[PDB]
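Reading the structure
What follows is the residue order along each chain.
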Amino acid sequence: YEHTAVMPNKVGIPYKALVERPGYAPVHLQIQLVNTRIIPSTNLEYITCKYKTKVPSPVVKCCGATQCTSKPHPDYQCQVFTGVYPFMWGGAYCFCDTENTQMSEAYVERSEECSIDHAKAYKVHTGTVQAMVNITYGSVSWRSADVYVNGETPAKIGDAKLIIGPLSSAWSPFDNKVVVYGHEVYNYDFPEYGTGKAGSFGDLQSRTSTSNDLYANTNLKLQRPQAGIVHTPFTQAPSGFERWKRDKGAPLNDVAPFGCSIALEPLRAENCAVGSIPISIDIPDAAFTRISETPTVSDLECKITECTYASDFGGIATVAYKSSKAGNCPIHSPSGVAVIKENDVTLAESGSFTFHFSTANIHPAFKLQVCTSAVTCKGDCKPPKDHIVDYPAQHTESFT
Amino acid sequence: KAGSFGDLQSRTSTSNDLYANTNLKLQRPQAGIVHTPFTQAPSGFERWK
Amino acid sequence: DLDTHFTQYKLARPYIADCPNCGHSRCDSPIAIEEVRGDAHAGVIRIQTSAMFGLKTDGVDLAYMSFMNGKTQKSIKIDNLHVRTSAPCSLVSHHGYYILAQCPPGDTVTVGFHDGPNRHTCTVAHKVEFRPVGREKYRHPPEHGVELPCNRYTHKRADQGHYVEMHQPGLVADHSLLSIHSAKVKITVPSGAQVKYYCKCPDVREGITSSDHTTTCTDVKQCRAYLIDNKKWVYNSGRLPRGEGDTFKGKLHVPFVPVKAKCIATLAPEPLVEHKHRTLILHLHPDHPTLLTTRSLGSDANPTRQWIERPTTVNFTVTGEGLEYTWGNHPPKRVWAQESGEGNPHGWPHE
Amino acid sequence: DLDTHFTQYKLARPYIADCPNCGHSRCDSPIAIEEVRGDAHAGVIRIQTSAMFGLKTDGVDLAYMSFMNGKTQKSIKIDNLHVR
């Protein structure tokens, strides 16, 4: 009636679970969970990206004490130098020849790369967003729609109002502080905007890439030009964004737990490959098939006629069904112990009818819950040739 | 005998036939370029001394 | 060419700036490289010369060459120009004071034309990099392997996508600026600019002004040789101070923003995704540092870091729901569990 | 500069080709390099351009340079070449 299911989240590949119904005959309920994501409520703390010491023209005052005044920026790095005096075609820009003081100023301003294919910080609160789930069933075939995976009322789509998780598969492979960057997404601690560090991540901390404000502890040190003429060297410590290809904070699309892989995303971890999701469903009693409309199928025997061990659904097994009525019969292994791909297998009195499956067990000692009659479809299957391809459809996963 | 002696195995000098398990691996000539890059294991006349 | 961003382009004057390594490890020249941008993951660098090649003051051609000899242009053919890094570049486009050029990687930038009273070239150190988008570590990508989504700068011009403040250019040395008005030292404009002129002697020195002028103190070295631009803008530099008082707004885009393109890109010679029973053995054959890493698809994270630039069968114990394997910034593999052994029967006489 | 073995020269035309690497953004050069024979223990290199320099289609001189512009030759001097 209410379809409990330990039933992981794998790619999208079709894989089944089974509604053990007791008042009426069991009906399958393929819970194929395509993905899950988390999307906690968030706040953009600062974009990061490799710096550019893009000088916004020096405030100089070669007369007496040189001044540094920021113009549409919070800070300006400015360092006085003497022993140099400006010549660039002769004359001087300096306006005292009684004080030969030279104010070199250079501030960091966001790179153009900050806009695009960039690190982007977040303070990540509490998950609130759905999980995409296919449900095929033995009274409706397929629907692949998003239904909540956390408490705020899961939607009813198909013959199944289905409560997923909470947050099982993509629990949140994110940390509190998260940077997300193209390929490698980093669940990595760093301090909020205003106090960052050059060698650590968040050397540049601009509130937005476009915005003309940041905090630039990039360890920008101007050096004294020589030979009696001005220039402005930028000496800067290794970037907190060139790390992401060298130093690692955890490159989450290559180190994620929960089977999920990651991209530039608003704190989603798409396309999981584990979940062991405890999905619990309210399927109406009507959607079930009766234990009179479908026989009690007992006095059956199942034997493989060519099982396939793999997530490959070429596994078959005749079952010499013995009906006490006779009719249709939705089937699936009890909530994954193998994945069965025949929605319904026909049952007649003393007949035999093959169904299709794929083994989620090494050998097919999987029960097949033939609408009030379990049966082991024992034998042996095709080679395990495969273990280099996607995320399985051999639900019951913990070894398959 | 790739990456050792007999990576090249010619039974005639100035060869027109040989047996060359040299670990010859072609790669993509990216950006619409027509060329053949050859990635090959070192030979019995590139080291083994 | 395009005048759809005559904001920078038209309203750009040749800018003069000191060279720090030249002909005595110092010379006077217009050129002097600020804002070298090897920040793309590609092969192309956006550069600012101080000199404003591009047009002249008109609208036509990025293939002219206007540098400063004097405070005046020298609007000639771009054929005496040599942009180079540590080796000759191939120009992509110039717009404003900014040139985009596909350059080999290089520690320095080396520009030069003999059109001055001297060698008149300029060199400076400025950091250029290209590297893989995530994973892998390379500098400049190989000529072989996969192409994949790098940052790279445009093949075109007059763009926008980011903007750096270019709010008031000002004072630079050049005594053509500070000529003499037959007694007193006289500010001049490039092509028209609002110059907030003054000298050490008391005067107004703030305001949006070409009402600030001081003649009271006389000498080119006691006065502010300016081109306070606001309609002849140049990119702001360390060798381009601004007037001490308020900015004249002039935030201006970059028309050479990083866009996606197919770079010749990074991927070291092919991997082999091998498998045995609950294990990805991975015979690998790279010629370059490829960040291999894997992720056991269970609720285990299984991080990995290992540079593979050495041909190696490595192993990652695939958990019971698969592993994924991320061979550089070349596309992710994914692998289910169950076991294999590469097509080994596990039993097969049917029941 | 003279041409005697018309085995290669006459019974050939320059064949257009695309350089393997010529910066990030390649130049198309019909003098694309295959078969480097620089494995001399001296320092001297024989190179194969895809271009058939030599003759134009005439009888004399390796002093010309016939590379491909179009499907057609471009038979000019060889002295603009610089191996380095």
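Shown numbers run from 1 along every chain as its sequence is written, which may differ from how the entry numbers residues; residues without coordinates are omitted from display. Chains carry letters from A onward and ligands carry numbers from 1 onward, assigned in written order. This view covers only part of a larger assembly, and the values given relate to that part. Note: side-chain values were computed over all heavy atoms of the structure, leaving out hydrogens and water.

The record lists cryo-EM as the method behind this PDB entry and 14.3 Å as its resolution.

**What about the environment of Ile-135 of chain A?**
All names here are of chain A. The way it works is that DSSP assigns letters per residue, a run of H or I at least four long becomes a helix, a run of E at least two long becomes a strand, and they are numbered from the N terminus. As for its position among the elements, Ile-135 is in strand β9 (residues 131-137). For every residue, the accessible area obtained with a 1.4 Å probe (protein chains only) is divided by the maximum for its type, and the residue is called buried under 20%, exposed over 50%, and partly exposed between those limits. Exposure remark for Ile-135: the relative accessible area of 0% places this residue in the buried category. Residues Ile-135 and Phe-399, 264 residues apart in the sequence, show an inter-C-alpha distance of 24 Å. The contact criterion used is simple: two residues touch if any of their non-hydrogen atoms lie within 4.5 Å. The residues contacting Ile-135, other than those within four sequence positions of it, are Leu-29, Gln-30, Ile-31, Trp-142, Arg-143, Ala-160, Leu-162 and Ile-281.

**Observations regarding the pairing of strand β16 (residues 280-283) of chain C**
Residues and elements named next belong to chain C. Residues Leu-280 and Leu-282 of β16 are buried on one face, while the alternating residues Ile-281 and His-283, pointing to the opposite face, are not. Pairing between strands is defined by DSSP: at least two bridges between the two strands are required. In this sheet, strand β20 (residues 313-316) lies alongside β16 in antiparallel orientation, the contact comprising four bridges. Following the sheet pairing, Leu-280 is matched in β20 by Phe-316.

**Some points on the side chain of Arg-243 of chain A**
Residue and element names in this part refer to chain A. Of note, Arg-243 is situated in the loop between β14 (214-216) and β15 (278-282). Buried charge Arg-243 goes without a salt bridge, the closest partner of opposite sign being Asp-247 at 4.4 Å. Under the rule applied, a polar contact is a pair of N or O atoms within 3.5 Å (in protein, one hydrogen donor and one hydrogen acceptor; residues adjacent in sequence only if both atoms are side-chain atoms). In terms of polar contacts, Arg-243 uses its side chain to reach the side chain of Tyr-188, at 3.4 Å. Ignoring sequence-local partners within four residues, the contact set of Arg-243 consists of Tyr-188, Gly-199, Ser-200, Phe-201, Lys-248 and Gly-249. Positive: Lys, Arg. Negative: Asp, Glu. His and the chain ends are not part of the count. Salt bridges are identified by distance alone: a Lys or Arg side-chain nitrogen within 4 Å of an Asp or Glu carboxyl oxygen.

**Details of the environment of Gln-338 of chain C**
Mapped onto the secondary structure, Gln-338 of chain C falls in the segment after β22 (333-335). It is 8.9 Å that separates the C-alpha atoms of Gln-338 of chain C and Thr-319 of chain C, two residues lying 19 residues apart in sequence. Other than its neighbours up to four places away in sequence, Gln-338 of chain C contacts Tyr-309, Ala-310, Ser-311, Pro-384, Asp-386, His-387, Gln-394, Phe-399 and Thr-400 of chain A together with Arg-278 of chain C. Of the polar contacts made by the side chain of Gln-338 of chain C, one reaches the side chain of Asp-386 of chain A; its length is 3.2 Å. In this structure the side chain of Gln-338 of chain C is engaged in a polar contact, spanning 2.9 Å, whose partner is the side chain of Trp-336 of chain C.

**Looking at the sheet that holds β15 of chain A**
Residues and elements named next belong to chain A. Strand order in the open sheet formed by three strands is β1-β15-β11, with antiparallel pairing between adjacent strands. At either margin of the open sheet sits one strand with a lone partner, and together these are β1 (5-6) and β11 (161-163). Alignment of β11 against β15, held across three bridges, turns out to be antiparallel. Looking across to β15, one finds that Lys-161 is bridged to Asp-282.

**Side note on the state of the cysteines**
A disulfide bridge is the covalent bond that connects two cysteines by way of their sulfur atoms. By disulfide we mean two sulfur atoms from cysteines, separated by a distance within 2.5 Å. A complete count under the given rule lists 15 disulfides over all chains for this structure. Covalently, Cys-49 of chain A is tied to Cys-114 of chain A through a disulfide, its sulfur atoms 2.0 Å apart. Classification of the bridge connecting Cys-49 of chain A and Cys-114 of chain A rests on its S-S torsion, roughly 85 degrees, and on that basis the disulfide is right-handed. One end of the pair, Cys-49 of chain A, is in the loop between β5 (47-48) and β6 (77-82); the other, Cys-114 of chain A, is in the loop between β7 (101-106) and β8 (119-124), and 65 residues separate them in sequence. Note on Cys-49 of chain A: relative accessible area 0%, which makes it buried. Taking the relative accessible area as the measure of exposure, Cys-114 of chain A reaches 0% and is therefore buried. Residue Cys-307 of chain A pairs covalently with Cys-381 of chain A via a disulfide, S to S 2.0 Å. Of note, the bridge from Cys-307 of chain A to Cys-381 of chain A carries an S-S torsion of about 70 degrees and is right-handed in sense. Note that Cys-307 of chain A is positioned in strand β16 (residues 302-308) and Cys-381 of chain A in strand β22 (residues 381-382), a separation of 74 residues in sequence. The same class applies to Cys-307 of chain A and to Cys-381 of chain A, which are both buried. Look at chain C and number its bonded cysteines as they come in the sequence; the links are 1-6, 2-3, 4-5, 7-12, 8-11, 9-10. For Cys-19 of chain D, which is in no disulfide, the shortest distance to another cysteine sulfur is to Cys-27 of chain D and amounts to 5.1 Å.

**Concerning the interface of chain A and chain C**
Listed by partner, the interface residues are 111 residues for chain A and 129 residues for chain C. Taken together, the two surfaces of chain A and chain C that pack against each other cover about 9,200 Å², and 53% of this comes from carbon and sulfur. Of all residues in chain A, the largest losses of buried area upon contact with chain C belong to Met-88, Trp-89 and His-387 of chain A, amounting jointly to 11% of the total for that side. Here chain A is connected to chain C by eight salt bridges. With a shortest N-O distance of 2.9 Å, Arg-135 of chain C and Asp-254 of chain A are connected by a salt bridge. Among the elements of the structure, β16 and β22 of chain A are those that each provide at least two residues to the side of chain A that touches chain C. Note on definitions: buried area is the accessible-area loss of two parts on being combined, 1.4 Å probe, summed for both.

**Overview of unusual backbone geometry**
Residues and elements named next belong to chain A. Here the bond from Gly-165 into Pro-166 is cis, since omega is 0 degrees, no more than 30 degrees from zero. Tracing the backbone shows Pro-166 in the loop between β11 and β12 (177-179). For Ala-250, which is not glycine, the phi torsion reads 120 degrees and is therefore positive. Secondary-structure assignment places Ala-250 in the loop between β14 and β15. Classification of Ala-250 as buried rests on a relative accessible area of 12%. Positive phi outside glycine occurs at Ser-276, with the angle close to 50 degrees.

**Regarding the interface of chain D and chain C**
Listed as interface residues are seven residues of chain D and, on the opposing side, nine residues of chain C. Linking chain D with chain C are zero salt bridges, by the criterion used here. Put simply, chain D and chain C have five residue pairs in polar contact between them. Residue classes in the side of chain D that touches chain C are distributed as two nonpolar, four polar and one charged. Any residue outside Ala, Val, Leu, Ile, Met, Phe, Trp, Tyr, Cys, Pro, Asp, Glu, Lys and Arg is labelled polar, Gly included; the first ten of those are nonpolar and the last four are charged.

**What to know about the packing of aromatic side chains**
Within 6.5 Å between ring centres, the rings of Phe, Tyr and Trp (the latter by its six-membered ring) count as paired, and their orientation is classed by plane angle as stacked under 30 degrees, edge-to-face over 60, tilted in between. Here the structure, examined in full by the defined rule, presents 22 aromatic pairs over all chains. For the ring pair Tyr-76 of chain A and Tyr-107 of chain A, a centre distance of 6.4 Å and an interplane angle of 40 degrees mean the geometry is tilted. Placement of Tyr-76 of chain A in the loop between β5 and β6 and of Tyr-107 of chain A in the loop between β7 and β8 is noted, with a sequence separation of 31 residues between them. Considered together, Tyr-76 of chain A and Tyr-107 of chain A belong to a single accessibility category, that of buried residues. Taking 4.3 Å as the distance between ring centres and 40 degrees as the angle between the ring planes, the aromatic pair formed by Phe-357 of chain A and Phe-366 of chain A counts as tilted. For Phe-366 of chain A, a relative accessible area of 0% puts it in the buried group. Members of the aromatic cluster, joined through ring pairs, are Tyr-46, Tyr-186, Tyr-188, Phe-190, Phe-201 and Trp-244 of chain A. For a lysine, the NZ atom is tested; for an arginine, the CZ atom; a charge sits over a ring if that atom is within 6 Å of the ring centre and within 35 degrees of the ring normal. Lying across the ring of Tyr-64 of chain C, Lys-56 of chain C places its NZ or CZ 3.7 Å from the centre. Here the guanidinium or amino end of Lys-56 of chain D rests over the ring plane of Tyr-64 of chain D, the centre of that ring lying 4.5 Å away.

**Let's talk about the nonpolar core**
Think of a nonpolar core as a cluster: buried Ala, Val, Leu, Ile, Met, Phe, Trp, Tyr and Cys residues, connected wherever their side-chain atoms sit within 4.5 Å. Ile-47, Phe-53 and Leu-81 of chain C are the most contacted members of the largest nonpolar core, which has 110 residues in total. Broken down by element, the residue count for this core peaks at four residues, all from strand β7 (residues 98-102) of chain C. Those residues in contact with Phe-53 of chain C, other than ones at most four positions away along the chain, are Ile-31, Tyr-64, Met-65, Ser-66, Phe-67, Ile-78, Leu-81, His-94, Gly-96 and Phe-113 of chain C. One finds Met-7, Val-27, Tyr-137 and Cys-260 of chain A within the second-largest nonpolar core, a separate group that totals 45 residues.

**Focus on the sheet that holds strand β18 (residues 294-296) of chain C**
Residue and element names in this part refer to chain C. Read from one edge of the open sheet, three strands run β18-β21-β22, paired in antiparallel fashion. Each edge of the open sheet is held by one strand with a lone partner, namely β18 and β22. The sheet shows a mean angle of 15 degrees between the axes of neighbouring strands, taken without regard to direction. Note: β18 against strand β21 (residues 323-325), three bridges, orientation antiparallel. When the sheet's bridge partners are listed, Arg-295 is paired in β21 with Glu-324. Working convention: axes come from line fits to C-alpha atoms, limited for helices to the stretch in contact. Angles between N-to-C directions cover 0 to 180 degrees.

**Section: the environment of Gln-223 of chain A**
With respect to the helices and strands, the residue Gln-223 of chain A is situated in the loop between β14 and β15. When residues no more than four places from it in sequence are discounted, the contact partners of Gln-223 of chain A are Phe-81, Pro-233 and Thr-235 of chain A.

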